[PDB]
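Heads up, the chain below is alone and in the form deposited in one PDB entry; it's given as structure tokens.
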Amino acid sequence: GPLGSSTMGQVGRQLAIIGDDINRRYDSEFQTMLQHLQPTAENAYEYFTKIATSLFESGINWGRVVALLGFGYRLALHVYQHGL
């Protein structure tokens, strides 16, 4: 097919490499952070928003936003798996 030889296909595979590297570098770190926070459904929103406010206090860039999104995803998984 034409996708994989196009520049768009190539960039998609480069983003796979980068996204897998983000996952390897930080997934377990996020889990450790969340095990220390012990979020539940009762405090997940308040924890996430206060963390976000501190995060962006010193600035915003796309790396910080995607760190927050990945941490938030892991936070939602933590709340789900412990509220079962």
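Just count from 1 along the sequence shown to find any residue number. Note that the rigid core is defined as the largest set of C-alphas that superpose within 1.5 Å between two forms.
The form deposited in another entry is left out here; the points below concern that form.
**Q** After fitting the rigid core, is the C-alpha of residue 34 off by 2 Å or more between the shown form and the other one?
**A** The answer is yes; the displacement is at least 2 Å.
**Q** Which way does the C-alpha gap of residue 36 and residue 49 go in the other entry, closer or farther, given it changes by 3 angstroms or more?
**A** Those two alpha carbons end up closer in the other entry.
**Q** Residue 39 and residue 52: do their C-alpha atoms lie closer or farther in the other entry than in the form you see, with a change of 3 Å or more?
**A** It is farther: in the other entry, the C-alpha atoms of residue 39 and residue 52 lie at least 3 Å more apart than they do here.
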